[PDB]
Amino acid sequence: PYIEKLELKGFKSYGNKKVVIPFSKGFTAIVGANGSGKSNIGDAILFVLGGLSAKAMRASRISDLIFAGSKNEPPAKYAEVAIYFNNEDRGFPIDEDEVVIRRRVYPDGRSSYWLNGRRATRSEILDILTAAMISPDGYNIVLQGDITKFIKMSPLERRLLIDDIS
C-alpha cells in the first residue's frame, strides 16, 4: 500500500485551518525555504504512525507538538494528523481499499487513535502497520541529521546495528 495524502490540523507549524498534503504514488519531493515546515511533515508521519518519543520529533513534551498561537491565530485545542493509506494490493490485514489512521494529542498528553473511523489502540495500529511491513525496524524513515549520525558511529555500534537487523 502507499500514502495517498496527509491531513494536518493544529500540528506543529500547521495552523487550525486543516491542511491537506497529497503525495505521488511514486517519487515526491518536498521543497521550501528554511524553517517553513518541511520536516514537520515528516514529524506528522512519525506521530500518526505511533509517535514514540517527542525527542525524535524535536519536542520537549509530547504536548509541544500542538500549534502555538501566532500573529492572527489562537493556539490549537489539540494536535491532529490523519494519514490516508491506499489499500489496493492488500498490504494490511483489512478488507478495504482505503485505510485511514488518525491520531490526536491533547494539552495533557492524552492520545486517541482511530482506524477507518472506529476508535483503536496504539497496539492494534502498530500491529496493522507491522503486517504491512511498516515498522521502526524497517529504517524506512531517515531524519534530518541521521546520515551525519550513521557516520559518527564506531565500527562497534555499526556491528551492533546488524545485530538488531538479526
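Quick note: we count residues from 1 along the sequence shown, nothing fancier.
Trainee: Please compare 96-104 with 26-34 and name the stretch with the higher mean C-alpha B-factor in the deposited structure.
Mentor: Stretch with the higher mean C-alpha B-factor: 96-104.
Trainee: Which wins on mean Cα temperature factor, 145-153 or 5-13?
Mentor: Between 145-153 and 5-13, it is 145-153.
Trainee: Out of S70, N140, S39, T130, whose C-alpha atom has the biggest B factor in the entry?
Mentor: It is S70.
Trainee: Grab the CA temperature factor for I125 from the record and place it in the lowest, middle or highest third of its chain.
Mentor: Middle third of the chain for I125's C-alpha B-factor.
Trainee: Relative to the other modelled residues in the chain, which third contains the C-alpha temperature factor of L46: lowest, middle or highest?
Mentor: Lowest third, going by the recorded CA B-factors of the chain.
Trainee: Based on the deposited C-alpha B factors for this chain, I'd like to know if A79 is in the lowest, middle or highest third.
Mentor: Middle third - that is where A79 ends up once the chain's C-alpha B-factors are sorted.
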